[PDB]
Structures are given as structure tokens and as C-alpha cells.
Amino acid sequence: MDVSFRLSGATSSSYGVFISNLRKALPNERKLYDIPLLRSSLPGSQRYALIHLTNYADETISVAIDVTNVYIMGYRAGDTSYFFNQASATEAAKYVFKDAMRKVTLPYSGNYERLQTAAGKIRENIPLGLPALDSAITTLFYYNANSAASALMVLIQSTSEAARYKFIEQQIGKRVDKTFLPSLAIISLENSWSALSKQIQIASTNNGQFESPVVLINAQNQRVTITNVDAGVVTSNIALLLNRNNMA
């Protein structure tokens, strides 16, 4: 199931509609604490969703996402496809963007450590917000090795991370005509998705208590140790759970 988002005429609410549509497009059979639990394994024909993004200038790219972990596999710009250099993306290439004439394998996987090294910048210093997503679309449509890694981190955060956390969706969407640097709280949520997903599943079989705590960074940049499902991040923020059998 594919979804789209257009930057021209975009508003905070239209970005919210987009991210809600993206979450809905990801298959799920179960929910834990009313949070959809992503599937651990899906056949190729059900494993990918396409996100179609158009910038202010009416240029469009299509983004392939693995619905089991919301990872970006690659994207298409006109007649060229670009895929990350990672096992799951190589597999994705057999199913999506099959008709592109030229196929580029990027020099890195989509892991943040590789992307920040390639971009020569850490996530905290890369602007986010709707105008930043516009620029990332332009940058990737007119692909250049020098600028792609940074744009890909904007893209991943504006799609994958926003879908996983209401907080991230809300902070990016409120920047309609301005941009902002993400706080340590955002970095922490991104870093902690797998561990949180894991502990929330364990909690469902352990009276709501985590087996191991998860350390997050709050609004005051303080380390907070999360131990159960009544914590605010579980009750009102995390929006998708990575399946325990799909963590590595």
C-alpha cells in the first residue's frame, strides 16, 4: 500500500495526515498497549510500501520502505533507482523500482553511524522541518555523492522516525515555513526504538514491567530511566513496535 505527501501547500495537519497514513499502511496483526506491532516476516509482495514525495518545485521521488521495520531501502528519481548497500535493500531491489533504467547502489547502508560519517555531521546539526524535507527531496532528485548522505538522514527522520514516534511527527510537522535542529530527546528516541520495542513486548508478559530499563533523554536533557508501560513514552509517544524477532 502506497502513500504520498506533497510539500507544495503543505501544512502541519497535512503532514500529520501523511504520517498517520504511513503508519496505517504498515501491516500488523496485533497491538500491545494499543500500539501496532509490526510483523517479523513478510513475503516480498507484501514487504514494501512506496512513499511518493513531491517538493515545492513539483519534482517527485518515490521512497521504498521495508514495512517490517520502517527502514528506507532506496528511492527512485525518474529513470534511476538508488538503494542502500545492505542486505535488506539488495533483497528489495528484486521487488521494487524494477523498471528503472539505471540502478545505483549507494556507498553505504542506511545506518546512522555510516551516514553521519559520510555527511561529516551529527544528527543534532542537521536541520529538520518541512522546508528541510523539501530540500532533501531536491537534493536526492538531483543526486550528488557530496550531498546525499545528509539528505538521506533528513528523509529517514521525516518518514521512518516520525512514523515511529508522535513526538517526532509533531516537532517536524510544526515547522511549516521554518527549520530546527533536533533535540537530544529526538536523538534518544531514534536511538532507543529497538530497545523500547523489545521491553514493551516483554512487559506484556510481565505485568507491565520491563525486564531491563531503557535510558532516554527528557525535555531538560536529563537522563531518565524508563521501567514500565505507564511511562509517558509508552502511553503517549511510541506509535509502532519493532517485532522481537526482527531485531538482528
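For every residue, the number given is its place in the sequence shown, counted from 1.
Undergrad: Per the PDB record, is the mean Cα temperature factor higher over 26-34 or over 187-195?
TA: Comparing averages over the C-alpha atoms only gives 26-34.
Undergrad: Looking at the deposited entry, does 9-17 or 221-229 carry the larger mean Cα B-factor?
TA: Comparing 9-17 with 221-229, the higher average CA B-factor belongs to 221-229.
Undergrad: Which one, 93, 151, 163, 172, has the peak C-alpha temperature factor per the PDB entry?
TA: The listed residue with the largest C-alpha B-factor is 93.
Undergrad: Say you rank 168, 145, 128, 137 by Cα B-factor from the PDB entry; which sits at the top?
TA: In this record, 145 carries the highest C-alpha B-factor of the candidates.
Undergrad: Ranking the modelled residues of this chain by C-alpha B-factor as given in the entry, is residue 119 in the lowest, middle or highest third?
TA: As the PDB entry reports it, the C-alpha B-factor of residue 119 lands in the highest third of its chain.
Undergrad: Ranked by Cα temperature factor within the chain, is residue 60 in the lowest third, the middle third or the highest third?
TA: Tercile = middle for this residue's CA B-factor.
Undergrad: Going by the entry, which third of its chain does the Cα temperature factor of residue 132 land in?
TA: For residue 132, whose C-alpha B-factor we compare with every modelled residue in the chain, the answer is the lowest third.
Undergrad: Within this chain, which third does the Cα B-factor at residue 83 fall in: lowest, middle or highest?
TA: Its C-alpha B-factor, which the entry lists for residue 83, ranks in the middle third among residues of this chain.
Undergrad: Considering only modelled residues of the same chain, in which third does the CA B-factor of residue 77 rank: lowest, middle or highest?
TA: Answer is middle: the recorded C-alpha B-factor places it there.
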